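Next come the chains, spelled out residue by residue.
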Amino acid sequence: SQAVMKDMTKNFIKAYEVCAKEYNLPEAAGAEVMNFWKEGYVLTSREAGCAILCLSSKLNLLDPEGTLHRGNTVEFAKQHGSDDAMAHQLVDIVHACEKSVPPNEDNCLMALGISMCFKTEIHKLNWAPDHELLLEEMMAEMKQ
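Residues numbered from 1 in each chain as written, not as in the entry; some residues may be left out. Heavy atoms only, no water.

1. Some words on unusual backbone geometry
Although it is not a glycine, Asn24 sits at a positive phi angle of roughly 55 degrees. Along the chain, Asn24 falls in the loop between α2 (16-23) and α3 (27-35). Its identity is not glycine, yet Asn126 carries a phi of approximately 70 degrees, on the positive side. Secondary-structure assignment places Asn126 in the loop between α7 (107-124) and α8 (131-143). (Helix = DSSP H or I, 4+ residues; strand = E, 2+ residues; numbered from the N terminus.)

What follows is the structure in structure tokens.
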């Protein structure tokens, strides 16, 4: 199971509208979160980070320490047909992602940084379903 990684992102934004109302984010935040699906052009904004941050606290599918809980990761993924081993490895690359994303003072900014690099890590392992997307991220690095 690989396509499940994308469906799991859609499942996480299923409560997006509820969360936008909670954190009182502008409508622009919705567009900024979806702008990350654009290819090579990926913006960063505090509002996009706060949307991700609020969803994780809305459901608390994390350890109370604010670290990704392994059980919640495999369970939330299995709702869309994951393999547990694949979903468990996603928690391991979140630790690797800390090298690429040092902490940020604002929790929204840290949330967004880790969220982008979470894809970059699975892309560099070549394990992601979108081979042309991971290939482009590595080619764009060579283009500059």
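2. Examining α7
If you check α7, its first and last C-alpha atoms are 26 Å apart, about what 18 residues at 1.5 Å a residue would give, namely 26 Å. Every buried residue of α7 is listed here: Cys108, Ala111, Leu112, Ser115, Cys117, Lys119, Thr120, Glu121, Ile122 and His123. Elements that come into contact with the buried residues of α7 comprise α1 (4-12), α4 (46-59), α6 (84-100) and α8. Among the residues of α7, the N-terminal cap falls to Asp106, whose side-chain oxygen and the backbone nitrogen of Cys108 are separated by 2.8 Å. Two residues or fewer after α7 comes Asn126, characterised by a positive phi angle close to 70 degrees. (Expected span 1.5 Å × (residues − 1). Buried < 20%, exposed > 50% of the residue type's maximum accessible area, 1.4 Å probe, protein only. Contact = heavy atoms within 4.5 Å. Polar contact = N/O pair within 3.5 Å; in protein donor to acceptor, adjacent residues only side chain to side chain.)

3. Description of empty space enclosed by the protein
Per the stated rule, a full pass over the model turns up one cavity of 30 Å³ or more. Here the largest cavity is characterised by a volume of approximately 70 Å³. The wall of the largest cavity is formed by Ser1, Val4, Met5, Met8, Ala77, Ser82, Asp83, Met86, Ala87 and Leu90. Elements with a minimum of two residues in the lining of the largest cavity: α1 and α6. Here the residues of the lining of the largest cavity sort into seven nonpolar, two polar and one charged. (1 Å grid on protein atoms, 1.4 Å probe; cavity = no way out; pocket = protein on both sides within 12 Å on 5 of 7 lines; lining within 4 Å. Points joined across faces, edges and corners; volume = space filled by probe spheres on them. Nonpolar A, V, L, I, M, F, W, Y, C, P; charged D, E, K, R; others polar.)

4. Structural notes on the pattern of salt bridges
When charged atoms on two side chains of opposite charge get close, those side chains can pair. This structure, assessed with the given rule, holds seven salt bridges. Here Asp130 and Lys6 are joined by a salt bridge, their closest N and O atoms 3.1 Å apart. Of the two residues, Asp130 sits in the loop between α7 and α8 while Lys6 sits in helix α1, which places them 124 residues apart along the sequence. (Salt bridge = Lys/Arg side-chain N within 4 Å of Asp/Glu carboxyl O.)

5. Section: the state of the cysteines
This model, assessed by the stated rule, comprises three disulfides. Paired by a disulfide, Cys50 and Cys108 hold their sulfur atoms 2.0 Å apart. On the S-S bond that ties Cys50 to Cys108, the torsion sits near 100 degrees, and the link is right-handed. On the criterion of sequence distance, the pair formed by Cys50 in helix α4 and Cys108 in helix α7 is long-range, its members being 58 residues apart. Take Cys50 and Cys108: they sit in the same class, and that class is buried. Put simply, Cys97 and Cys117 are joined by a disulfide, and their sulfur atoms are 2.0 Å apart. You can see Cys97 sitting in helix α6 and its partner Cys117 sitting in helix α7, a full 20 residues away along the chain. The pair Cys97 / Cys117 is uniform in exposure class, with both members buried. When the bonded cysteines of the protein chain are numbered from the N-terminus onward, they pair as 1-3, 2-5, 4-6. (Disulfide = S-S within 2.5 Å.)

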